[PDB]
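Here the structure is laid out as structure tokens; the discussion comes afterwards.
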Amino acid sequence: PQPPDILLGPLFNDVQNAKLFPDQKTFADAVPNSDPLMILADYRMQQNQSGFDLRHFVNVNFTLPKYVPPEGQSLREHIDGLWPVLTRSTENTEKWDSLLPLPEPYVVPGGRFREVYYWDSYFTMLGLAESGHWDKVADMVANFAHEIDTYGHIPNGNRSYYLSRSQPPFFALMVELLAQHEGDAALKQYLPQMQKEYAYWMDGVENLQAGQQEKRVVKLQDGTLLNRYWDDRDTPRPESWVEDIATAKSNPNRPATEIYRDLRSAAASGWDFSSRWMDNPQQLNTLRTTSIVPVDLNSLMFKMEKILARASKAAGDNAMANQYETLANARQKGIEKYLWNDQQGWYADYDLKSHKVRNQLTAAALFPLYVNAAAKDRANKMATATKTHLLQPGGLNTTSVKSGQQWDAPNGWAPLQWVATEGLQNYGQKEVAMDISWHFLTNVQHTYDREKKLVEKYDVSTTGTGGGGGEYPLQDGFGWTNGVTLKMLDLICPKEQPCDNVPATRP
Ligand SMILES: OC[C@H]1O[C@H](NC2=N[C@@H]3[C@H](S2)[C@@H](O)[C@H](O)[C@]3(O)CO)[C@H](O)[C@@H](O)[C@@H]1O
């Protein structure tokens, strides 16, 4: 599958640059009505002719992409009822569609996100599992396994323009989730695809020397092996074409290709975009994702290694189980050395430019707790950092910096709420965990009471309003919000007396 900027070459660039559609993703999802080679030749003939109209040419040659709860419907009921609305089934696609086929139905986030997304799906699957839709969980794992075998990795989503990258790696955790229902059979079944995904993340370690980086692998000067986010292309994102061109244009002191690589790699991080990656929080054109070793990614790699060990052991391959534990142990040592800021007292990303742990506290700092990599003293310090700096009245803040980007204050994102809660639980920090859950759930409920929907991210400074920021508007649905809300709704009420709306009083 060739991404649309390649498939449709100059025409793609021209349509995007013309801003015919208010979202650059719209034309990225256009389906050619005939062979792109024919369309391009026709366009070449017409484009310089007197009276040529690009919009009419597009309308001819492409097909462009195409609810309110009943009175008193509870939050839980609304969520359960929305799953089919968010479910898509594309076993086959029309020719030249940027949508990539998947063997089973899948849940998409909502709104402009009309394809499956990698890390969203984990948190969506937690909700599907909580509500007994294990068939759909199994379908999703199967879909991702298929993507691993077909492409060698899980793309950011099932679009041609996402093949160049992945997203935060949750597939091993998806397999572990499935094994909560199916037992170790699930780990053993999908061991081949977990190993294949690990091969993707680690591709480049062979022949890598200390102080070098290759693709998603970094080897520090002392030999420590860690991963980073990394897209295989260094061109504007087809789905955000004009944005990326404008971002690069705005900073002539950097090569455009480096800015494009870093924009794409921030998309791969899931955190498109954030002060977390930026020298200057007020200028996206200073982002330097590929020079930053992320604490979340490396926590997820540790978990992947641990799960690979567990699956290998279950399968009866002891040499591979031992090897993976050895790898995990090395990873954990790397996290504790290079991804802990001892001056500030929190986990943090590592800076390959300055060769120093970064100073900024972000919600990614809870990931070492979430995966049980953290020392207990450091987990307790993280509980304190969370209470002091990140816990707000409406949930866990993503960062403390209001940059105008969406992965930043004052926005709270469902997945980060859950990672934090679960990480804190893993170290017995139940009070802070419950406050995050209650505060965020109150936000979700309040917003639902007012707007009759769940949304992509929330303003945690108060309750009852969705968040904003970045290059597109707040989206509605919303897969991981719905999934995390269900999980948290179960944590907060007895279950001998389960709640269908978030109560005003803690049981
Ligand atoms: O506006 C274009 C971008 O849209 C997506 N970006 C984001 N979408 C939501 C956030 S940020 C991400 O972490 C999740 O996957 C998301 O909830 C759904 O896609 C996509 O993942 C990125 O790869 C795209 O470049």
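Throughout, residue positions are numbered sequentially from 1 according to the sequence presented. Just follow the structure's listing: the first ligand is 1, and inside any ligand the first atom is 1. As a basis for the values below, the full set of heavy atoms in this structure was taken, side chains included, without hydrogen atoms, waters or symmetry mates.
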Tell me whether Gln24 reaches ligand 1 (any heavy atom closer than 4.0 angstrom to a ligand atom). no
Under 4.0 Å to a heavy atom of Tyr117 - the qualifying atoms of ligand 1, by number: 15 (O), 19 (O), 20 (C), 21 (O)
With only distance considered, is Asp120 within less than 3.5 Å of ligand 1 through an N or O on each side? yes
Is the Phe478 to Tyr458 ring centre distance short of 6.0 Å? no
Checking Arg276 against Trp407: charged group under 6.0 Å from the ring centre and within 45 degrees of the axis? no
If we set the cut-off at 4.0 Å for heavy atoms, which region of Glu456 has an atom near ligand 1: side chain, backbone, both, or neither? side chain
Under 3.5 Å, is there a donor on one side chain and an acceptor on the other for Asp231 and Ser164? yes
Output the list of atoms in ligand 1 that are nearer than 4.0 Å to some heavy atom of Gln406, sorted by atom number. 11 (S)
Decide if the gap between the ring center of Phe170 and the ring center of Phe144 is smaller than 6.0 angstrom. no
Yes or no: does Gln167 have any heavy atom under 4.0 Å from an atom of ligand 1? yes
So that I can tick it off, tell me whether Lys306 and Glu176 are bridged by a salt bridge, with the cut-off set at under 4.0 angstrom between side-chain N and carboxylate O. no
Heavy-atom pairs closer than 4.0 Å: do any link ligand 1 to the side chain of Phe478, the backbone, both, or neither? side chain
Kindly write out the residues that satisfy ring-ring contact (aromatic ring centres under 6.0 Å, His included) with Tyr106, not counting sequence neighbours, or none if the list is empty. none
Just which atoms of ligand 1 are under 4.0 Å from any heavy atom in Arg165? 23 (O), 25 (O)
With under 30° as parallel and over 60° as perpendicular, where do the rings of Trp277 and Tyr229 fit, or are they tilted in between? perpendicular
Atom 13 (O) of ligand 1 sits nearest the protein heavy atom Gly270 O, 2.7 Å
Does any donor atom in the side chain of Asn341 or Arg358 lie under 3.5 Å from an acceptor atom in the other side chain? no
Please confirm whether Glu471 comes under 4.0 Å of ligand 1, counting heavy atoms of the residue only. yes
Determine whether the aromatic ring centres of residues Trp418 and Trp480 are separated by less than 6.0 angstrom. no
One residue to check: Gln475. Relative to ligand 1, which of side chain, backbone, both or neither has a non-hydrogen atom less than 4.0 Å away? neither
Which of the ligand 1 atoms, numbered from 1, are nearer than 4.0 Å to a heavy atom of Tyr472: 1 (O), 7 (C), 8 (N), 9 (C), 11 (S)
For atom 25 (O) of ligand 1, the protein heavy atom that lies nearest, with its residue and separation: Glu239 OE2, 2.6 Å
Interfacing atoms of ligand 1 (cut-off 4.0 Å, heavy-atom, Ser240): 1 (O), 2 (C)
If we set the cut-off at 4.0 Å for heavy atoms, which region of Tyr118 has an atom near ligand 1: side chain, backbone, both, or neither? neither
What part of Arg114 sits under 4.0 Å from ligand 1 if we count only heavy atoms: the side chain, the backbone, both or neither? neither
Give the numbers and elements of all ligand 1 atoms closer than 4.0 Å to a heavy atom of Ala267. 22 (C), 23 (O)
Quick note on ligand 1: atoms under 4.0 Å from a heavy atom of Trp407 include exactly 10 (C), 11 (S), 13 (O)
Do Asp408 and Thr398 have a side chain donor and acceptor closer than 3.5 Å? no
Can a donor-acceptor pair be found between the side chains of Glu115 and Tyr117 at a distance below 3.5 Å? yes
